[PDB]
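Colleague: Following this message is one structure expressed as structure tokens.
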Amino acid sequence: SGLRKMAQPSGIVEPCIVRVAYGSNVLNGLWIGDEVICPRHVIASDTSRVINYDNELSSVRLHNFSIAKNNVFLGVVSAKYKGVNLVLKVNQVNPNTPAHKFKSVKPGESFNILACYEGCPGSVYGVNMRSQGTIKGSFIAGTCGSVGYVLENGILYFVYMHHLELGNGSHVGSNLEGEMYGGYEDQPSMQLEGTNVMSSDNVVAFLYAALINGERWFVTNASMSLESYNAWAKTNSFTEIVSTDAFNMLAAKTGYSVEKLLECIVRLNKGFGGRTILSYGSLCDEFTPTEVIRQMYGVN
Ligand SMILES: *[C@@](O)(CO)[C@H](C[C@@H]1CCNC1=O)NC(=O)[C@H](CC(C)C)NC(=O)c1cc2c(OC)cccc2[nH]1
């Protein structure tokens, strides 16, 4: 038993991380095949002020890139923007390149961050994408270009590359196509996140996790229909439930219908009144149904 926010193991990704520096800027890149992908602001003269990315590319010089992995130095032979990333063709193929694909995550989906510090993998942790496209992580100077990934059916997907932190502390990055999640600009900007909408699917999963753990104080003699819940969600900054297929196994194994837990959400969102659930003091939307099934029952 127990519920922990976890990451899938990082070994397959670690050999792909390099240090990328240009001028006084230092961050991380992803070395796969004979390409290094990194945030394009590494070439900007002054990242503390609004950047004209046209001007920074016009004045770039390929020789000024410093790219390294331990005692391997990589020379850049071509540089392009691909969205908000640089794609740098280098003079050596990474012999440890794993088989991989690219995909974009969606709001409510979980993935893993390999947090990298000026080219050195430092830590690994799980995240969940918020409705506005942000994540809540722990990123500091030197961590841009840290990589998000997910393993799904024996396939490694690269899904995220880190760029910035909003004034409210939320973390912003791009897919590996260089499309910023949420559409935020790669600028030092007071751009606003927008209103956060909780993932109902994930809150339901969290309550199922508490039931699996043997905690059931919060369940009442009541149950809310799906249309009723969805009408409430729309006015209370929760997502509408579009399918209950993700909960069939959880309902079957716990004996509790999704509608019982929908009633719990509406009631608990008013406050836990000093109680906790899985030691939390408020509802948590960080765990997907898949995450809960996998770590609590060991299947899928
Ligand atoms: C990368 O390491 C840079 O290479 C860095 C990561 C952030 C540092 C603190 N937490 C992080 O996630 N990214 C930045 O420093 C970016 C660089 C931009 C995109 C060119 N800037 C910010 O994240 C940033 C600047 C400002 C700001 O200014 C003015 C005002 C409000 C928020 C804000 N975020």
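Identifiers for the structure tokens are assigned positionally: chains receive A, B, ... in sequence, residues are indexed from 1 per chain, and ligands are indexed from 1 in the order shown.
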Distance limit 8 Å, reference ligand 1, atoms considered: only C-alpha atoms and all ligand atoms. Which residues make the cut? Give them as a PyMOL selection string.
Modeller: chain A and resi 25-27+39+41-42+44+47-51+138-145+162-169+171-172+185-191
Colleague: Wanna dump the stretch 201-230 of chain A-stretch 277-290 of chain A contacts at 9 Å for me, each residue with its shortest atom pair and the distance in Å to one decimal, counting only C-alpha atoms, ordered by chain and number, as a tab-separated table?
Modeller:
```
residue	atom	partner	partner_atom	distance
A:201	CA	A:288	CA	7.1
A:202	CA	A:285	CA	4.8
A:203	CA	A:285	CA	4.7
A:204	CA	A:289	CA	7.9
A:205	CA	A:289	CA	4.9
A:206	CA	A:287	CA	6.4
A:207	CA	A:277	CA	8.0
A:208	CA	A:289	CA	8.6
A:209	CA	A:278	CA	8.2
A:210	CA	A:278	CA	5.9
A:213	CA	A:278	CA	8.0
A:215	CA	A:277	CA	7.4
A:216	CA	A:277	CA	8.8
A:217	CA	A:277	CA	8.7
A:218	CA	A:277	CA	8.2
```
Colleague: Skipping near chain neighbours, those fewer than 6 positions away, what residues fall within 12 Å of residue A:81 using only C-alpha atoms, listed as a PyMOL selection string?
Modeller: chain A and resi 36-43+53-54+56-58+60+87-89+176-179
Colleague: What parts of stretch 17-236 of chain A does DSSP call strand (DSSP E or B)? I'd like the answer as number ranges by chain.
Modeller: A: 17-22, 25-32, 35-39, 65-69, 72-74, 76-82, 85-90, 101-102, 110-117, 120-128, 135, 147-152, 155-165, 171-174, 180, 198
Colleague: Restricting the calculation to only C-alpha atoms, which member of A:129, A:77, A:90, A:6 is positioned closest to residue A:294?
Modeller: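 Ranking A:129, A:77, A:90, A:6 by distance to residue A:294, first place goes to A:6.
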Colleague: Given only C-alpha atoms as the basis, pick out the residue of A:108, A:133, A:273, A:126 nearest to residue A:183.
Modeller: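 Checking each candidate against residue A:183, we get A:133 as the closest.
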Colleague: Applying 8 Å and only C-alpha atoms, which residues near residue A:91 remain after dropping the ones on its own chain fewer than 5 positions away? List them as a count of residues only.
Modeller: 5
Colleague: Figure out the distance between atom CA of residue A:239 and atom CA of residue A:225, please, to one decimal in Å.
Modeller: 15.0 Å
Colleague: Between A:241, A:254, A:212, A:31, which residue has the minimum interatomic distance to residue A:158, considering only C-alpha atoms?
Modeller: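 Of the candidates, the smallest distance to residue A:158 is held by A:31.
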